[PDB]
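For reference, the chain that follows is the form deposited in one PDB entry, supplied as structure tokens.
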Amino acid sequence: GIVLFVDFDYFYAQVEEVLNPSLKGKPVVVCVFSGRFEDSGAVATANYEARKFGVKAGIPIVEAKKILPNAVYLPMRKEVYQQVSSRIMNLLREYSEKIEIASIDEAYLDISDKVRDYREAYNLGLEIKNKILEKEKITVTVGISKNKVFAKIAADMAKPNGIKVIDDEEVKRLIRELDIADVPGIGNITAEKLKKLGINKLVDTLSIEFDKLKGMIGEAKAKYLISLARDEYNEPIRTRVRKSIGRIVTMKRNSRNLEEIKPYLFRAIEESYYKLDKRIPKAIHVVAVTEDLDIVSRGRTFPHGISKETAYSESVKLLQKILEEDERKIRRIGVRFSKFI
């Protein structure tokens, strides 16, 4: 069981570097701009010179602007990076045909066939790294071990433009002195929830009862963490697929008014049908983030696929229903497409 996990360095902000190579060795800040008062939104990426002063993904742009007004701020042509991204997954493919893609900047090979050992994986890892740079000029950080986790952590280690191999030995020393924060899948909140309760490293979850675990952080992650602490996590490298496809866009203000919301709600359906391409969903869900931050889904499931027109007037009915149940003015809206054929 050998894994070859690849990961595209500060990807979005990195592609803007290669595109405009007069944008480099400098603070770059890829941004999703919301629309409201004189900028507003949140960071989706920043290169390392940016995020060495704190300007990291998901923080209000005004901070990014109040730590690095120096910086370069660029919008977020997610389409574009997608283009460039897909092209990489082809290269990752050539060298092993069990390519589990995850996020736009990430993917895993189960190369256990075109390697006899780990020495040879490093050599390959350099190959891939050398082919992705050559053809698209994008540095990426490979990571290698027994499993998609250890593979990922090893990348988390020498993260920017790097390559590491966690054999079995280092597999075991991590578990003891690897923090639950640094354990992929586990975002902070789970960690801080665990952090609070005396609970830091991953192995500590073996000195703790199970029902006092799914009674805080839940099963999937309860077991998931206990399995790697036991080490019995070496589960498969299988491709990923999309259930939902949505777009909740920010309105001009807060509106209890069928007509006010409509074009925003129709603009969503619109773009939602950009990203959907050839495919055809059975179910639809009209999302609403209110005045405050409540979230007010109502939805509908068919025994057929939906068609865009159908998708508009059904959306409204599903919106009408938000207004004789909610009474609070609504300040964000969108749609969602579950259940594909």
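Whichever C-alpha set is largest while still superposing within 1.5 Å between the two forms counts as the rigid core. Numbers follow the displayed sequence, beginning with 1.
Absent from the display: the form deposited in another entry. The rest refers to it.
Please find the residue from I138, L194, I144, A107 showing a Cα shift of 2 angstroms or more between this form and the one not shown, rigid core superposed.
The only residue crossing the 2 Å threshold is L194.
Using a rigid core superposition, assess whether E170 undergoes a CA shift of 2 Å or more between this form and the one not shown.
Stays below the 2 Å threshold, so no.
Does the C-alpha of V15 move 2 Å or more between this form and the one not shown once the rigid core is lined up?
No, the C-alpha position differs by under 2 Å between this form and the one not shown.
Please determine whether the C-alpha atom of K78 is displaced by 2 Å or more between this form and the one not shown following superposition on the rigid core.
It does not reach a 2 Å shift.
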